[PDB]
Structure formats: structure tokens, C-alpha cells
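S.K.: my sequence and its experimental structure, below.
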Amino acid sequence: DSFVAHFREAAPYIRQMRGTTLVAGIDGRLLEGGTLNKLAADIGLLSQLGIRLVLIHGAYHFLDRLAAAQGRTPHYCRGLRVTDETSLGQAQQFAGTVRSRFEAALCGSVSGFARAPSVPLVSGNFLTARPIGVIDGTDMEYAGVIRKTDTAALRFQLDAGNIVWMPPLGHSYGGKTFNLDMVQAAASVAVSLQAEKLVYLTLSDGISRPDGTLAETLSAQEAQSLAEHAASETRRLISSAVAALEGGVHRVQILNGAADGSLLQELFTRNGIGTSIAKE
Amino acid sequence: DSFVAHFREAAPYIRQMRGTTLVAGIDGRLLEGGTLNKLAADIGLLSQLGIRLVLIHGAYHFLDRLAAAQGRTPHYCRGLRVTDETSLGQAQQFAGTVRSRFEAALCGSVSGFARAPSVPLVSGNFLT
Amino acid sequence: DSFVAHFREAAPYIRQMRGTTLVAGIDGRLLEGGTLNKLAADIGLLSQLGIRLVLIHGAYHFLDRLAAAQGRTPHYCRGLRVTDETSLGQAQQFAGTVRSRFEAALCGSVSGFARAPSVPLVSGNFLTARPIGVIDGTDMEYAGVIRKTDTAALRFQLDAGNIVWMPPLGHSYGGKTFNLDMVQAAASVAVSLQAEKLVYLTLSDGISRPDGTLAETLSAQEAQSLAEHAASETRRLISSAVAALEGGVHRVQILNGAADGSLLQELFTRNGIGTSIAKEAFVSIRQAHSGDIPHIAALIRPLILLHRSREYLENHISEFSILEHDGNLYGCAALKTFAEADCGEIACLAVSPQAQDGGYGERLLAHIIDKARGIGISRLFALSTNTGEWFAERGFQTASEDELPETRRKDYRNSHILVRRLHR
Amino acid sequence: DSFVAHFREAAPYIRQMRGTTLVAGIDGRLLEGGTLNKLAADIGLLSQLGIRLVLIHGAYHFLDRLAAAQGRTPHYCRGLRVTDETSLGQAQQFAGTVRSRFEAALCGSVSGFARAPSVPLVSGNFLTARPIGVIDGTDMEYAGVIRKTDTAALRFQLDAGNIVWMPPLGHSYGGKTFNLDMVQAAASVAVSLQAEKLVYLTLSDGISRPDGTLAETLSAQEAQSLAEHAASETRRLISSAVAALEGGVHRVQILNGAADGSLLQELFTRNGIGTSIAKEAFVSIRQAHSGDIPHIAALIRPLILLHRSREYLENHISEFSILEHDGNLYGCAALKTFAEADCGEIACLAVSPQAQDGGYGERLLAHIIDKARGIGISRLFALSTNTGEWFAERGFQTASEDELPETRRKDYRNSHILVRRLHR
Ligand SMILES: CC(C)(COP(=O)(O)OP(=O)(O)OC[C@H]1O[C@@H](n2cnc3c(N)ncnc32)[C@H](O)[C@@H]1OP(=O)(O)O)[C@H](O)C(=O)NCCC(=O)NCCS
Ligand SMILES: CC(C)(COP(=O)(O)OP(=O)(O)OC[C@H]1O[C@@H](n2cnc3c(N)ncnc32)[C@H](O)[C@@H]1OP(=O)(O)O)[C@H](O)C(=O)NCCC(=O)NCCS
Ligand SMILES: NC(=[NH2+])NCCC[C@H](N)C(=O)O
Ligand SMILES: NC(=[NH2+])NCCC[C@H](N)C(=O)O
Ligand SMILES: NC(=[NH2+])NCCC[C@H](N)C(=O)O
């Protein structure tokens, strides 16, 4: 269509998004190739439209490849990862590497043809975690869950215009580090700060129905139906999205982070691409 | 010496440090042992006394000890270390590990016997 | 001790005191000699550590000496001074003189060797007073009591960093001045602004017991006991301290203002010098929360302890109890339970060397046997590799592994196994 | 009178008005001649004394003349104007012209001899209106009523020191303009922002009584009485004033905007010119508090009075009553009581010379005999050295000391002792 027709459709969403909080749970796999640079440039723009952004990457696939590649097969126990000392150790390393990689991409990306101000990015000690403990007799070791979240520190960073970067790691009162599950920690953080949007950036178009068709919009009730017999990965997502919706998050959106402009199509058009989920 | 003699000498400097900026460059070897804990604890204390703290850690020893262990020999020119792809890779990794290690010590430590607020730490794309 | 050890003890109190409000009722007699200069320098420092300070001097002794010296013997009527026009008149004069004297001392004092900013001091019309009237037929004349206090003006001065100076005088809506009683007006002001501390600077070490020993800490209940038969001066103090505590003041402290550094020893050490008074007993035992884990960890490090990778401390924090004295966490203990309902285990009993040999362990043991009895459990176990003698001296007999609960016997495969039978 | 006497009367009102909000409904007719310039200069001054001002002009007379002059006779339907497209059209034009005219007058007016800053004036889209619809079968066309008012925008303009100018027009969600009725929209706006004053500037002195006399003060109840049979114009006013009072506006004042200085006489003197209206009767009698002591003292000074050292005024304030008119404390009286339960004494009856010979004393006497009867007491005494004739004319007979209560007889050892017997 014409430029005007598209702008008439985008502009209201710009009015609405500005000042809004959006929590992005980003798949670890997206933070490397040509995609990283694409994500960073688009995430940059959102920041520049005044959306308050909290970013959280995942790491299970990288930890899973890395383990296999060195002899130890990874154990999941009713769905959550067992994380031993070595893995924890590599998890800290991975967060370091992905953090750097993202700052660089952010620094070297462009928004258009004119010169923009640079984009401020921040991390800190916002999440205090605790060990899950033992499940079905199995020790979950350094697998952890959010205990306490420094919501006031987050709001403070966000009110100042900063993008907040969180790794799937937390510290404990007992002085140790724990591996968090990103899909869940993003849901939990979003509930904590009453975020208007929780966005999962995945390698998939969103939630497909048993017949292949991309869902598109789901109520929580319909989402739980879909989850009955579906892949534990799509099951985890939905379990977490519904919990977010239950806690007050307005919308949870699931997209393909490897598809060019996905984020901009989802947030600024009425149909979006991907799957939108709401309480009712 | 007595408490009051010690408090008397210390108190002026508290008055002076509050609102002061202190940039600390910390040897990377310092962020592992019981020294970590002992350190994190005191940085923790400084922070509660209103000092403004900017911590910057080193890596050269880590990277050189990581080289020896794997056959490579570190090359320095005019004090500064030559840094290959692989080394840069190892540094981003090391940073991850030490930033976590330090956060955990901080969270797990104590100023005194009374319950106190937790100490906020922040990082960011400050350096181009 | 070393500098470091002293600083480790003072620093937390500096974190805590800053932003805090402290009301000082200062004895008139302290505002003259070498002591004045000492007080002023120390009060200066406190101001410089960001403590919010409201100062109020007394005057009865000066008014009492001055009257005697000119023929009129002073009348107290059930404890409070009768203040006639002449005395009132001299009271206004005295406040003037003591005010000047204090500014000068403040101005000319030093805090250390380096150059500090000067210390701002302020007074104003904060107290509106009213006449007590007549008691037992006697006219109290210009003796007065606080009617209304400009709390918002005070907070305003204090938020700006000013020391506030109040004389024991107030004005009335009827356009006259009244003599206040300092001990009481300080209590009243402190209640008004919900001050964390009310400090009485006296010519005495604090409240002594009938046997001479300095008290040290008192609950309000114990303080009122002491007051039954004691000097009307120590009686007035306690009557006012208890009222402050009743109104919300956290602590009321009584010291010797003529003893060098008193104020600094009281406020920045755990023991203090002098007498500390609180609404309830110092020492309480409460249920632990995630927030206490680091204190419990630090209370355990000095050992005799598993606790490296993840924890039982994390997920079972709720079954720990901690002992605190005056806000300091000095001990902890846990009660572990079993598939067997009549069993339990006391675990992690620890009191820091700092507070040790003072009865706290035993208070923790008493507390957890009560918790255990409260839920059935008739046999309480302790397994320990070194602390056996303590429990053995305290009702625990040695037991054999064959007496352990299933899971515990499994674990124990290794030191002294002791039990004590409890009364349901 | 002297300059000082006038300034003593104006100054308090300046303290009070500043920060206050005042909504002025101005008659359209006032916005043209020599009067416009007068209004603008006075309105300027008010602005400069920090009064928050919201101005709203009327237009019915101009719309009514304009219609007649071009053949169409104006229809009112149960009191409100029918406004057709043409009229609406002219109404927009009129608001434009009156707006300009007012800015010019404001710009070119002066406040005194020295040079003042200019006076900021602002309008915007604060009122969203809706059509009244149909009444008694008649279509009211573009006649409208306030639907929604942007109170936050108004407060914002006002906090910044701006005079706000509103025309009697509003827009609708349906995208059309409507004619508002000024008298009503001013009442509605005033209720919306909880204004302390709603002022109607008219071509009349205020509300006259059926006999010609200017009213002056009215309670709402009395105002509604007056409205029963009066001109629909004075009826509209009162209907709107009462609604404002009902919604929280403190006072509604009605004056002559064409009388020089009217506004300044109304707002800064105790009597005003014009008509003041309040929710409840002006004049109330309430129980005294410590806060009134200075007013009572000042009410007593002019005498006949003990009251030097300390007071009975201080500690027995609770037994005083004060009479106020429109917020002014003009009188007081006390009831003193006795070991004898059937006795009492009226003491300190005082009404300031300023408000005297206006019935207040007697209202205070009536009030305290009711208090006294409410507690038994069948004999009320007054002892007075000069005011005997007043009480003697008002049911008090002379009594002998032998009738006094014990304590009172003791005290009296000396002027006229009078009593009045009361009905239990
Ligand atoms: C056991 C302990 C916690 C009790 O603490 P406490 O606060 O001193 O308790 P109390 O003051 O009630 O008891 C003091 C008495 O116990 C004595 N005591 C200390 N350790 C003892 C031991 N191992 N065996 C016997 N008695 C001991 C003290 O010398 C003191 O003796 P006294 O009263 O004749 O002067 C003790 O303080 C301690 O030393 N704890 C060390 C760490 C620990 O206990 N770890 C694990 C325990 S399961
Ligand atoms: C007595 C007093 C308080 C009553 O006040 P008030 O508000 O005028 O009361 P009212 O208006 O109901 O009474 C007005 C009438 O009282 C009259 N009056 C005033 N003082 C009087 C007196 N000493 N003797 C007789 N009548 C007197 C006024 O002239 C007026 O007469 P009028 O109604 O025929 O015109 C009076 O106002 C007064 O002058 N008070 C002076 C101070 C005082 O009273 N001190 C102590 C009293 S115990
Ligand atoms: N998959 C969808 N149906 N998306 C609708 C998105 C609507 C809107 N632009 C938003 O970001 O919330
Ligand atoms: N006399 C005492 N026991 N004093 C204890 C003082 C403890 C603490 N430093 C305070 O100022 O409150
Ligand atoms: N008409 C009257 N009675 N006016 C009294 C006005 C009193 C006061 N100055 C005011 O503006 O409210």
C-alpha cells in the first residue's frame, strides 16, 4: 500500500508503545549470525521510539551442544535442566560472550541514513536466585529459580531510557550462582514489573496448530488446550505465557526472531506476524 | 589503641569520602579465593559509606596462564598484550565468569551483625 | 584492638545513624567548663556524619543555685518546679547565655587535623507551651508544659542539615513565656518527630542498680521497677523515657556527658557505655527469612558444616530460628523433622564468638525444644563432632545409631549421637 | 477612615485570597464601554495579587438584540435559549470579538503609577459540551450543556499564574459547537475545580428583596425563598448559585460590574457591596479551641478583665464559646460551673465594637443558657461592674452575695451581682 496508509496504521501504536514496558526473552541461537546484527538494529529503533526494554537471552541449546561435544549427555528432569558446576561455569562464560557480541552489534548498527545518538545499555545484580533442590530423587544441582527481583532498580534504569540486559543467571543469599530458565525468568520478570508485553523471540513463526497453521491470537484457555499434547518446548512457552497473563502482563507475543523486521511488523500493525496471547 | 582514638582518626575521612569518586583497578588474580569474599565484603562496606565506586578488573594473568596451558606463548609489545581472536574470545568469557563470581560474593557477604540493605551493582556499554 | 577491628564495629552504625533523628536532653551544668568544648566538638562530628540533631538544655540547677544565692528557697510541688516571674526572667537570660556559649564553642572547635566546613545551628519558635496551673492548691505560676509542637518546621530544619537548638522555654497563645522541664520536653519532642533515639546527657554513667552496678540495658518494665524507690531525679528520667518508648521512640539512652568520648562510644559500639532502654526486652528469638541466610552463613563459616554447593539453608530457611540482641543477629538454630513424628534434631546451633558465654546458646536450645514440644516430638537429637559436652551438660544422654530416625541413620553413614527426652 | 485602618481590614483578605480560585461569570453587556477598561484594570490587579482567575462571559443579550434586529424573534423554552445554526454562528463571532477587546483593554490598562509586568491570559479547549436535545416537543437545536471539563488543564494554567478566559461555547464528541448558558457553566466549572468563590458580575447591585433593599448575605435556604416569585433572570442566578454551594463552592457573590471598584470592595472588606451567598447561615456558634485564645484575648483587651500572668483562658478554653460571622470571630462567652450542680456563671461575654449592636451578644447569651440548661443549672449568674443594665434588660434580676456559690462568694471578696432563673 501507500506510505500514508502504512503510517496511519503505525502511528497510533507509536503513541501507545512509548513509555510501555516490553520484556523480550531471546533465544540464545539468535545471538550470532547475520541475525544478531538485524536484532540489534531493530531493538535499537524500539529503544529510540521510547519503548522500555528488558532483554533476557537463553542458553540451553548452547549448553546442550557444548556438553554433548565433550562426552556428558545433558539430563532433564521433568522438563528442567540439571546444571552441574562445569555447566554453570560455562554458562557464566557464555553470558559474557553474548553480552559483548550484543554491545558491539548495537554499537555498529544503523537506524537509517541520518546520524542518531548511541543506544545506552545496562546490566546489574537484579535477580537473586535460589536452587530448585531435588526432584524425583534427582539433585538439580545449580539449576535455580528467581527468589527476589530488584524491581525498583529495574524501573530506575528504565525511566532513565536504558535498555536492560539480563543473562539467565542469578546470585543467591548463600553466595553462589544459579542457572535460570529464560522462558520462565522472562515471565517472572514481566509479572514483577507489570509489563504490558512479554515477547518471546524464537526460531519459529509462533505457535502452530496441530494442522500446521500459525495460530495468530489465542486466549489463555485456548493456549492451554494446544499445550496438552505438544512439544515440551512449545509447552514451556505456554505454561509461562499463561502464568504471565495470570499475573497481569497484558499480552504475550511469540515470534520468529530470525525473520527480517518481524518485531516491527508484530508491534506496529494490527495483525502482526506471529502469535499473540491474551488472558481473555 | 582505644576505640575513641580510632573513631576520632577515622571519622574525618568518612566525612571526606562521602560523595567522592574512587576508581579501582583490580588485579584479576584477586577475584577467586577467600580474597574475593574478603574483598567483595569491603567494597560492600565502602559503598554503604557513600563512596562512589567504579571497579575495573584485569585479565592478562588469566590469559597468559590460559596460554601456557595450551601451548601458545603471550606476546607483549610496549607493555600491551597482542590479542588474537582466540584470546579476545577467552577474555569475553573470563569477564562473564568474574562478573558472576563477584556478584555472588557481594550478595552473600555482610557489613556487620545487623540486617542491612543489599548493594546494587551496574554494568553497561560505557566504553567505546 | 587494631584499627580495622574497631572500624568493622563502627561502620555499620554509621550506615544506620545517617538520616536518623536523635533528640539530646543536655544537663545545664555541662554547658560551661572544659566539658562544653568537648561536647561541642563531638556534637559537631555527629552532625558531620549526617545525624539529625535536636538539642535541648536544662536549667533547673542554675535556677536553683541562683535563687538560693538570693534568699528565695525554690519550691517543688509533687516533683515539678514552681517558677515565679523573677525565675522565668532569669531563665530567659540563661538560655541566651548558654546559646551564645555553645555557638562559640561550636565555631572554635575542631574535628581532626584537616579543615572541615563549619557547622550550621538554628533555633526558632517551635514550641507553644501552656501553664500547668494549680496543683494541690499551689499555684505553679510560670511553670509550663508543651501544648503544640511545630513538627513540620523541625523536620524542615533537619532535612536541610541543621542542628536545632531548643531552650527549655515556650510561648503561649496567651502571649506569655513558660518554663519547661527539659527531661520531659525532650521526651515529648522525640515522640512528636518519631525520633529513633532520645539521649539524656547527664553527670552520671547512666542508671545504676540498688547495688551500684551500672544497669546497661533495660526493658521498660525493668526500668519502672528500678524507679519505685529511687531518687526523684532518676525517677523523672525513667518516667519520661518510658513515655517516649510508649510513644514510638526506638531507644532511650542515658550517659555521662562529662566523660570524654561518651557519645561516640555509646552510638558506635555494640556495648556502649551508659544505659540503653527499649520498649521490650533486648534479645528476642524470631523465625528466620531468606534475608538472614547471609548472617547464618557467616555464623556457620567459623566451624562441622556441609554447605558449599547450593543449600538446605536456601530451601529450608523457614525451619531456622535466630537470636537477636538490640538488632544484632548473634545466634541461630534449626529444628529438623522426620517421617517419624516423635523425632527431631537440633542442628546448626551457633552463637558467634563475639556474644558467646552469655547464655544465648541455651536460650536457643530452650526455644527449639519448645517449638519441638509444640508439635509432638518427644525425642530431640543432636549429632556433633565437638560440641557434645555442652549438650551433655544440658540434659542430652549419649544414644546409639539404632535410635536414630531411618533417614538420619542412613546419613550418619559419624560423631557423637545424643538425645534428650521431652515433656509433651 | 485612615489609610492604616483600611489596610488593617484588607490585608488579611490578601493573605487569604492568594492561591484561592475565583470563577467570574461576567455579563456580556459589561464588555464594551468605559466599563470594560475598568473591569480589565481591576481584574488585572486581582491577578497580580495571586488570585487564580477563571473568566466566563455571557452572550444572551447580544444574541437577543442581534436576532430581533434581523427579524427572528428568540424562543426560550422553559427558561433556556433555543440557539439555531445562525445564532450559534454569531455566537462564535461574538466570543472572538469580546476576546480581542478584553486582551486590548488588559494590555492597555494600568494598575498604578509604577511599571508592572504584563498580565498573562489564556484560553483552550477545556469544555466538551453536549446538546440538551428536545424539551416539551421543542428542538433546542445547538443549545448545549457541559458534558466534561478538563479540570487538570485548568489547574495547570492556573498554577502557572495565567488568567483563563472561557467563552460560553463548547465542542462535542460529535464534532459540533454548542451554545452554553454562562450563569450555569460558571457554576459548573466552579464545582469542577472546587473553587472558593463564584462571582457573578451583573448590571445590578446583587439580589434585592421584594421591598427593594439589597439582600447582602443569604443562606441557600433563604435564597431559594427569594426565588419563588422573582424574575427568571434572578431565578437562574439563584438556581445556579445554590447548585454551586451544594457542590462545594464556599461562597457565591453577586455584584454590579458597572460600579467602580465593586470587585475590590466585595473581596477585600468584611461587609462588601453586593450579595454574598453561603450553604449555611452566616453566623454560627461553636466551641472554642486553643487556636482561638489569641482572638479571645484580643476580644477581651478592650476592657473588667483579670488575665495577665498565665491563664484560666489556657486551661479552661474548652468552656468558651465563640460567635463567628462569615469566618470572622466577633464574640465569645464562657460558662463557669460549680461544686453546686444547679449553678452557673456567664463570664467574658464580649462582642467587638466593630460588630456590636447587631444582636450577637444576645445570640451568645441564648447559646450559653442552652448549654447551661442542657446540664441542669437553673440559676445563671452574671457579675459585672458596668454591663449590668444589658443583663438586667434581658431577664437578670439583682441578687445578693448570699445567693452565690461558695467559691464565687469567696472570690467576690465587687460589683453588681445578677441572676436569671432557667427553665429545665
Ligand atoms: C554451643 C554454643 C553455641 C553455646 O553458646 P553460648 O551462647 O556460649 O551458650 P551459653 O552461654 O548458654 O553457654 C556458655 C557455656 O558453655 C561453655 N561451652 C562452650 N563450648 C563448650 C563445649 N564444646 N563443651 C562444653 N561446654 C562448652 C562455655 O565455656 C560456657 O561455660 P560456662 O557457662 O561454665 O562459663 C557455644 O556458644 C559454641 O561455642 N558454639 C560453637 C559452634 C557450634 O556450636 N557449632 C555447632 C554446634 S551443634
Ligand atoms: C454586652 C455586649 C457584649 C452585648 O453585645 P451586642 O452584640 O451589642 O449585643 P446585642 O446587639 O444583642 O445588644 C445590643 C443592645 O445592647 C445595648 N448595650 C450595649 N451596652 C450596654 C450596657 N452596658 N447596658 C445596656 N445596654 C447596652 C446597645 O446599645 C444595644 O442597644 P439597642 O439594641 O437598643 O440598639 C455589648 O456588645 C458590649 O458592649 N460588650 C462590651 C464588653 C463587655 O461586655 N465586657 C464584659 C461583659 S460581662
Ligand atoms: N499476532 C498478532 N495477532 N499480533 C497483533 C499485534 C497487535 C499490536 N500491534 C501489538 O503489538 O500488540
Ligand atoms: N548502653 C548500651 N547497651 N548501649 C548500646 C548501644 C548500641 C548502639 N550502638 C546504639 O547506639 O543504639
Ligand atoms: N456581600 C457581602 N456580605 N460580602 C462579604 C464579603 C466578605 C469577604 N471579603 C469575601 O470576599 O468573601
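M.R.: Arrived safely, thanks for sending. Numbers count the residues shown, from 1 in each chain, chains lettered A, B, ... in the order given. Ligands and ions are numbered 1, 2, ... in the order given.
S.K.: give me phi/psi at the one residue in the stretch 1-150 of chain A that gets nearest to chain C?
M.R.: The minimum distance from the stretch 1-150 of chain A to chain C, using C-beta to the nearest C-beta, falls at residue A:131 (3.9 Å). The way it works is simple: take the backbone N, C-alpha and C, and place the C-beta from them, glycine included. With angles defined as degrees, to the nearest 10, residue A:131 shows backbone torsions of phi -70, psi 140.
S.K.: around it, how many other residues sit close by?
M.R.: Neighbour count of residue A:131, defined by other C-beta atoms under 10 Å in any protein chain shown: 25.
S.K.: helix, strand or coil for residue A:9?
M.R.: Of the three states, residue A:9 takes helix under DSSP: H, G, I helix; E, B strand; the rest coil.
S.K.: how about whichever strand or helix holds residue A:45, does it reach chain B?
M.R.: Per DSSP states H and E, residue A:45 falls inside helix A:34-48. No - using C-beta under 8 Å from any C-beta of the partner chain, helix A:34-48 stays clear of chain B, with a minimum separation of 11.4 Å.
S.K.: C-alpha coordinates for the helix or strand just after that helix, CSV please?
M.R.: Next helix or strand after helix A:34-48 toward the C-terminus (DSSP H and E): strand A:52-57. Extracted in CSV, the C-alpha atoms of strand A:52-57 (Å, rounded to 0.1, in the frame of the first residue of the first chain):
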residue,chain,number,x,y,z
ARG,A,52,11.2,0.4,27.8
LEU,A,53,13.1,-2.7,27.1
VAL,A,54,14.3,-5.6,29.3
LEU,A,55,16.2,-8.2,27.4
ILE,A,56,16.9,-11.8,28.5
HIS,A,57,18.8,-14.4,26.5
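S.K.: got a list of contacts for strand A:52-57?
M.R.: With C-beta atoms under 8 Å, 6 or more residues apart in numbering or on different chains as the contact definition, strand A:52-57 has outside contacts at A:19-28, A:31, A:43, A:46-47, A:95, A:98, A:154, A:158-159, A:163-168, A:182, A:185-186, A:189-190, A:193, A:195.
S.K.: buried only: go through those residues for me.
M.R.: Among these, the ones that count as buried by 16 or more other C-beta atoms under 10 Å in any protein chain shown are A:20-28, A:31, A:43, A:46-47, A:95, A:98, A:154, A:158, A:163-168, A:182, A:185-186, A:189-190, A:193, A:195.
S.K.: which of those fall in helices?
M.R.: The helices, defined by DSSP state H, take in A:43, A:46-47, A:95, A:98, A:154, A:158, A:182, A:185-186, A:189-190 from these.
S.K.: what's the burial count for residue A:4?
M.R.: Neighbourhood size, residue A:4 [other C-beta under 10 Å]: 8.
S.K.: related to what we said a few turns ago, greatest separation within the ones in helices among the buried ones among the contacts of strand A:52-57: which pair is it?
M.R.: Pairwise distances across these (C-beta to C-beta) peak at 22.2 Å, for the pair A:46 and A:95.
S.K.: all strands of the stretch 101-250 of chain A, in order?
M.R.: Assigned by DSSP state E, counting those that start in this stretch, the strands in the stretch 101-250 of chain A fall at A:121-124, A:127-131, A:134-135, A:138-139, A:144-149, A:163-166, A:169-171, A:177-179, A:197-202, A:217-219.
S.K.: what's across from residue A:253 in the sheet?
M.R.: Taking DSSP bridges as the rule, residue A:253 bridges to residue A:199, residue A:276.
S.K.: and the stretch 151-280 of chain A, which residues reach ligand 3?
M.R.: A:216-217, A:251, A:266-272, A:274-276 (C-beta under 6 Å from any ligand atom).
S.K.: and the residue of the stretch 151-280 of chain A that's closest to ligand 1?
M.R.: Nearest residue of the stretch 151-280 of chain A to ligand 1 (C-beta to the nearest ligand atom) works out as residue A:174 at 18.0 Å.
S.K.: for that residue, what are its contacts?
M.R.: For residue A:174, the contacting residues are B:108, C:293-294, C:297, C:307, C:310-311, C:313-314, by C-beta under 8 Å, 6+ apart.
S.K.: ok, and the closest non-adjacent residue to it?
M.R.: Once flanking residues are discounted, residue A:174 sits nearest to residue C:311: 4.8 Å by C-beta to C-beta, 6 or more residues apart in numbering or on different chains.
S.K.: how far does stretch A:141-150 stretch from one end to the other?
M.R.: For stretch A:141-150, the first-to-last residue distance is 25 Å (C-alpha to C-alpha, to the nearest Å).
S.K.: quick one: contacts of that stretch?
M.R.: Contact with stretch A:141-150 is made by A:80-85, A:87-88, A:124-132, A:170, A:172-173, A:176-181, A:184-185, A:188-189, A:192, B:118, B:120, C:290, C:309-310, as judged by C-beta under 8 Å, 6+ apart.
S.K.: buried subset of those residues as a ChimeraX selection?
M.R.: Buried subset of those, written as a ChimeraX selection, criterion 16+ other C-beta under 10 Å:
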select /A:80,81,82,83,84,87,88,124,125,126,127,128,129,130,131,132,170,172,173,176,177,178,179,180,181,184,185,188,189,192 /B:118 /C:290,310
